């Protein structure tokens, strides 16, 4: 499976932080926001990843993250000239995707919890259908909403219903079989002017192969939508990391733990960063 991080948008809520740059370049505590969703694809076992952003921000992501080789993966880049909807990732990424299965994650989504990598790996290893991930939120009318039965099978999915059928939002992480490319090419803009991911998921529902993984209350799916929520996300990460000796979404660590790079390669990554706490963390991991 390949992966895509959709990381543009004409985001304005966070002005003036985003006066120049896209939100996914902003810090969440001690690392750029984009590291979080990238870490999720990597933990899923996904090693070939396309990052899509605006004309002006795509080169900024490439300067930050590089070509992937340091992390034992492959990062590629494409431009979305206008934020015409999430489903457009699969049209921009047509050539990249080829005949393969593909996961999409949003560049501003942050997931965290015990047992999450088991779920990710399961979704990435599926050879047919789609997997979406549902999460209980306070104001579900503001999200895509997945309705399911007592056995956890999807009954419906609706984009920002005025009368939500459940309390479960459909989060910004999606795993698809290769049918997603032609599905994306066949749906039409909503009233919003957007090629809606909810429409892609409706198509998989109708095909009888939309699977939902319900993330319980022991998971965090953090809001980076406002200044207030960005700050709460930062504090959440700080708290988890301060207590343990352990980082959330440290890319070099994940590359080593996943077998993408060797202990030898991790040491070489740590060496030039030994003046800062981040390099020292990588070196400790190498030793231990």
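For clarity, a rigid core is taken as the largest C-alpha set superposing within 1.5 Å between two forms. Residue numbers count along the first chain shown, from 1.
- Taken in 8 other deposited structures of this protein and fitted on the core, 32-40 and 240-248 differ in how far their Cα atoms move from the shown form, and the one that moves more is 240-248.
- Comparing 219-227 with 43-51 by root mean square Cα distance to the shown form in 8 other deposited structures of this protein, with the rigid core used for the fit, gives 219-227 as the more displaced stretch.
- Look at the mean CA B-factor for 159-167 and for 76-84 in the entry; the higher one is 159-167.
- Mean CA B-factor, 150-158 versus 94-102: the higher value falls on 150-158.
- When the C-alpha B-factors of 60, 227, 31, 263 are read from the PDB record, the largest value belongs to 263.
- The residue among 69, 239, 39, 53 whose C-alpha atom has the highest B-factor in the PDB entry is 69.
- Annotation for residue 24: CA B-factor lies in the lowest third of the chain's modelled residues.
- Remark: residue 109 belongs to the lowest third of its chain, ranked by C-alpha B-factor as recorded.
- For residue 9, the recorded CA B-factor ranks within the highest third of the chain. Only modelled residues enter the ranking.
- Among all modelled residues in its chain, residue 138 ranks in the highest third by Cα B-factor.
- The PDB entry assigns residue 172 a C-alpha temperature factor belonging to the lowest third of its chain's modelled residues.
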